[PDB]
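Here the protein sequences come in this chain order: A, B, C and D. The first sequence maps to residues 8 to 78, 86 to 143, 152 to 163 in the deposited numbering. The second sequence maps to residues 8 to 77, 86 to 143, 152 to 163 in the deposited numbering. The third sequence maps to residues 14 to 78, 86 to 143, 152 to 163 in the deposited numbering. The fourth sequence maps to residues 8 to 77, 86 to 143, 152 to 163 in the deposited numbering. Before any comments, here is the structure.
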Amino acid sequence: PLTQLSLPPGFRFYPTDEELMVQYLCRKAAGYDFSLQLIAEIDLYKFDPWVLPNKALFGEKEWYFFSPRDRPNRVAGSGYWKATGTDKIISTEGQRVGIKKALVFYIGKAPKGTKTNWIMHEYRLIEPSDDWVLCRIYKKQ
Amino acid sequence: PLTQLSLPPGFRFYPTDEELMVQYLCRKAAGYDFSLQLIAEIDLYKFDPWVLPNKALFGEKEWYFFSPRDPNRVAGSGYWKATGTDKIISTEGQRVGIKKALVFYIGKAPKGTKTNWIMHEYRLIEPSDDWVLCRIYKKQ
Amino acid sequence: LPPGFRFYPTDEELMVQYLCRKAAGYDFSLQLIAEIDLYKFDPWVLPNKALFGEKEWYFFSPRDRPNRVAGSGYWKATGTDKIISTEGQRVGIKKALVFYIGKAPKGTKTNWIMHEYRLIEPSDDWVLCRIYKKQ
Amino acid sequence: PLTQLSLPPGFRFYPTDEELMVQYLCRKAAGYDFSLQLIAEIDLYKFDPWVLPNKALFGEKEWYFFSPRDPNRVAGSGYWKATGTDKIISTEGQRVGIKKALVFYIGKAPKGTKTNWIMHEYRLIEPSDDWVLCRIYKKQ
DNA sequence: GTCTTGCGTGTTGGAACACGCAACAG
DNA sequence: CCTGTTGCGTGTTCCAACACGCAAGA
Ligand SMILES: [Au+]
Ligand SMILES: [Au+]
Ligand SMILES: [Au+]
Ligand SMILES: [Au+]
Ligand SMILES: [Au+]
Ligand SMILES: [Au+]
Ligand SMILES: [Au+]
Ligand SMILES: [Au+]
Ligand SMILES: [Au+]
Numbered sequence: 008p009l010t011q012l013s014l015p016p017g018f019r020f021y022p023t024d025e026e027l028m029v030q031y032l033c034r035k036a037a038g039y040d041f042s043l044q045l046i047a048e049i050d051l052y053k054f055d056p057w058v059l060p061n062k063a064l065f066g067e068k069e070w071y072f073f074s075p076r077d078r086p087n088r089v090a091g092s093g094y095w096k097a098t099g100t101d102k103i104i105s106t107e108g109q110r111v112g113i114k115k116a117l118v119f120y121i122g123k124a125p126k127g128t129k130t131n132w133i134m135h136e137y138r139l140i141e142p143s152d153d154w155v156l157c158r159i160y161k162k163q
Numbered sequence: 008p009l010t011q012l013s014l015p016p017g018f019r020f021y022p023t024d025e026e027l028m029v030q031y032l033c034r035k036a037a038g039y040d041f042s043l044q045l046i047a048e049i050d051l052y053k054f055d056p057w058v059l060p061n062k063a064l065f066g067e068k069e070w071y072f073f074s075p076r077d086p087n088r089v090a091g092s093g094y095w096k097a098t099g100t101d102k103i104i105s106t107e108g109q110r111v112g113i114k115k116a117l118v119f120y121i122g123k124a125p126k127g128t129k130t131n132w133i134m135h136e137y138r139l140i141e142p143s152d153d154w155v156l157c158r159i160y161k162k163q
Numbered sequence: 014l015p016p017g018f019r020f021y022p023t024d025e026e027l028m029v030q031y032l033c034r035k036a037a038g039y040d041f042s043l044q045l046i047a048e049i050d051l052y053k054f055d056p057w058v059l060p061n062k063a064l065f066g067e068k069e070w071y072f073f074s075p076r077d078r086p087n088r089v090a091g092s093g094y095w096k097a098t099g100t101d102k103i104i105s106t107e108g109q110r111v112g113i114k115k116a117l118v119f120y121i122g123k124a125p126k127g128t129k130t131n132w133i134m135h136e137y138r139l140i141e142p143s152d153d154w155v156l157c158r159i160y161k162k163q
Numbered sequence: 008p009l010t011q012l013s014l015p016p017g018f019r020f021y022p023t024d025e026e027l028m029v030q031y032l033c034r035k036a037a038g039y040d041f042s043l044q045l046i047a048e049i050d051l052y053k054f055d056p057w058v059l060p061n062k063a064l065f066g067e068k069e070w071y072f073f074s075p076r077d086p087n088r089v090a091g092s093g094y095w096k097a098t099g100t101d102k103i104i105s106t107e108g109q110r111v112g113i114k115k116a117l118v119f120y121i122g123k124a125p126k127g128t129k130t131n132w133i134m135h136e137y138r139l140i141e142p143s152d153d154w155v156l157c158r159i160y161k162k163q
């Protein structure tokens with residue numbers, strides 16, 4: 008799924024925050040198509056993070072996904095995800111287009127759960143008062 | 008030199024220390040297609056690094072070169096000064112290369128003032152074509 | 014009294030050497046922690062009423078037998101009220117407050133803080157309060 | 008060394024960063040009574056910090072020392096490693112001192128493992152007796 | 001209580017800044 | 001030779017993400 012790219016050796020996906028927003032988040036959302044499906048659709052909140060890697064179509068230490076947008087410490091699998099730091103803003107050409115928000119997995123039942131090195135980055139579209155978020159998943163260290 | 012490859016958005020050139028040594032540097036001696044065509048042969052030490060960005064086949068805040076394998088070798092109005100700890104690069108538990116850090120100083124040694132231009136000089140572990156591969160970028 | 018030296022009582026001393034002494038009604042060599050009715054005041058006038066202290070002032074106030089109004093505002097309880105122990109016996113609770121100015125719950129927060137120490141007890153009655161302004 | 012002073016309960020030694028510099032460190036050169044008698048002269052770098060608590064004239068979870076004014088100076092089975100941001104200490108808008116954070120590592124640099132033993136090394140801003156004042160304590 | 005997102009504030013190893021032993025040439 | 005003038009090691013200072021775990025609020 009990375010292969011028929013014939014990618015030369017040494018080349019990897021190191022998208023900027025802005026590309027994930029524009030080339031990934033926008034493309035899917037206006038519902039326009041991709042040459043290849045690279046970032047698969049998944050329901051991220053049905054799972055333990057550690058099984059997630061197997062479901063992403065490419066990636067060694069980061070895996071990326073699309074998940075239905077929520078309509086807080088949202089439970090997922092055997093645990094719950096806790097929001098961290100100050101959710102951050104993505105800009106392009108002086109327009110705010112998205113928020114990148116970080117998470118940490120706690121296993122268990124809140125707020126007595128135990129922290130892991132499992133991380134999620136949730137990208138979301140900025141918007142006014152086919153609805154997805156884009157998530158980077160990885161395990162720290 | 009990128010657009011023949013038909014890249015999906017988001018892909019950039021981020022080779023590991025282990026790949027530059029293994030997939031790039033040794034392979035140059037071996038004649039590989041994608042490796043011959045992706046990095047410019049250039050003598051880094053005939054130039055000021057800030058002339059160098061224009062001499063790279065592509066690149067955004069970093070550039071890579073092969074330069075003839077040869086201390087504080089003069090280049091332009093300065094000299095490249097080694098910094099930090101030379102690193103041993105290993106592949107599959109076998110040692111293949113060494114990573115060396117450098118900083119560009121302007122003026123005449125050792126009375127130069129340090130600048131933000133940086134070099135990483137990588138060489139293979141092997142006895143006496153014969154190149155080092157260098158990354159150039161500007162800090163901060 | 015000598016230099017470089019300041020009152021940095023542990024939670025436990027305030028409970029034992031301060032709260033207990035006054036409550037069994039035993040006396041002090043000097044009155045250090047004055048009696049005041051803390052709930053009659055704006056926190057910012059309080060500093061002038063304490064007998065010593067540069068950024069923390071301590072007081073004793075009659076014990077209540086919630087967002088208790090005081091002056092131009094109301095005090096809002098915060099965090100999880102905490103327990104003081106000595107030699108394995110629970111003797112007190114330290115409870116933190118923040119001053120809101122105005123009328124609850126639409127008042128506005130300040131950096132004015134109270135720490136209220138109270139005696140643990142079974143199912152001449154005082155609390156001990158640390159006052160300070162944050163930052 | 009406390010009980011000559013007749014302390015009321017609750018009083019402890021909590022000097023400000025500004026006082027340690029002003030009331031303690033400069034005054035040592037000036038010969039003041041209460042300052043000579045309250046802090047032990049000791050060479051912190053000849054010892055492991057955990058031997059040090061017993062070498063302090065008093066203290067509960069922190070200890071203070073004067074140590075001869077002199086990088087990763089060896090002490091015992093380790094080295095003290097600088098951490099955080101050196102701080103400028105000012106008095107009445109005049110700069111008098113610098114505060115430096117340190118961590119004790121056990122073993123041999125730079126292959127030691129970090130421990131919970133901490134030092135704060137305070138020095139006066141002034142040209143070339153001549154001491155630094157150090158606080159020692161243990162995390163957790 | 002219950003179940004958050006926030007925001008301070010803290011720790012780690014990365015990265016150059018800079019020393020003085022090295023090593024050759026004059 | 002023994003001094004000169006010119007690098008490379010390496011140790012210590014630095015600073016910046018990356019998040020901790022609390023405590024406010026919803
Ligand atoms: Au956009
Ligand atoms: Au958009
Ligand atoms: Au699995
Ligand atoms: Au090789
Ligand atoms: Au008032
Ligand atoms: Au006033
Ligand atoms: Au008691
Ligand atoms: Au109170
Ligand atoms: Au001074």
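Backbone N, C-alpha and C define an ideal beta-carbon position, used for all residues, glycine too.
Check: Run the proximity test for residue 134 of chain C: is its beta-carbon closer than 8 Å to any non-hydrogen atom belonging to ligand 8?; Outcome: yes
Check: I want to check one thing, is the minimum distance from the CB of residue 57 of chain A to the heavy atoms of ligand 3 below 8 Å?; Outcome: yes
Check: Note the first and the last residue of the continuous beta strand (DSSP E) segment covering residue 53 of chain A.; Outcome: Per DSSP, residue 53 of chain A belongs to no beta strand (DSSP E) and is neither H nor E.
Check: Please list, in chain order, the chain C residues whose beta carbon lies closer than 8 Å to that of residue 41 of chain D.; Outcome: 15, 16, 17
Check: Below 8 Å on the Cβ atoms is my contact criterion, and I expect residue 103 of chain C with residue 138 of chain C to pass it. Report the Cβ-Cβ distance as a whole number of Å.; Outcome: At roughly 11 Å, the Cβ-Cβ gap does not stay under 8 Å, so residue 103 of chain C and residue 138 of chain C are not in contact.
Check: Would you call the CB atoms of residue 22 of chain B and residue 125 of chain A closer than 9 Å?; Outcome: no
Check: Count the other CB atoms, across all protein chains shown, that sit within 10 Å of the CB of residue 155 of chain C; report buried if there are 16 or more and exposed otherwise.; Outcome: buried
Check: Rounded to a whole number of angstroms, what is the C-alpha to C-alpha distance between residue 157 of chain B and residue 28 of chain B?; Outcome: 11 Å
Check: How many Å lie between residue 87 of chain A and residue 71 of chain A at the Cα?; Outcome: 20 Å
Check: Can you check whether the C-beta of residue 52 of chain C is within less than 9 Å of a C-beta belonging to chain D?; Outcome: no
Check: Run through chain A and tell me which residues come within less than 7 Å of residue 30 of chain B, C-beta to C-beta.; Outcome: 16, 17
Check: Is there a Cβ of chain C sitting closer than 9 Å to that of residue 48 of chain D, yes or no?; Outcome: no
Check: What does the shell around ligand 9 hold, if a residue joins when its beta-carbon is under 5 Å from any heavy atom?; Outcome: D/33, D/111
Check: What did DSSP end up calling residue 97 of chain B once you bin it into helix, strand or coil?; Outcome: strand
Check: Tell me, which residues are paired with residue 112 of chain B by DSSP?; Outcome: B/104, B/139
Check: At a Cβ cut of 8 Å, what residues of the stretch 106 to 140 of chain B count as close to chain A, listed as they run along the chain?; Outcome: none
Check: Using the three-state DSSP reduction, which class does residue 34 of chain D fall into: helix, strand or coil?; Outcome: helix
Check: Could you check whether residue 117 of chain D and residue 96 of chain D sit closer than 9 Å to each other, using their CB atoms as the reference points?; Outcome: yes
Check: What does residue 75 of chain D pair with, by DSSP beta-bridge criteria?; Outcome: D/154
Check: Give every residue of the same chain whose Cβ lies closer than 8 Å to the Cβ of residue 64 of chain C, excluding the five residues on either side of it in the sequence, and list them in chain order.; Outcome: 44, 45, 46, 47
Check: Measure the beta-carbon distance from residue 74 of chain C to residue 52 of chain C and round it to whole angstroms, keeping in mind my assumption that it falls under 8 Å.; Outcome: 7 Å
Check: If we ignore side chains and look at the alpha-carbon of each, how far apart do residue 123 of chain B and residue 50 of chain B end up?; Outcome: 20 Å
Check: So the beta strand (DSSP E) residue 18 of chain A belongs to, where does it begin and stop?; Outcome: 18 to 20
Check: Looking at residue 29 of chain B and ligand 4, is the gap between the Cβ and the nearest heavy atom below 8 Å?; Outcome: yes
Check: Look at the Cβ atom of residue 130 of chain A, then the Cβ atom of residue 25 of chain A, and state whether they are nearer than 9 Å.; Outcome: no
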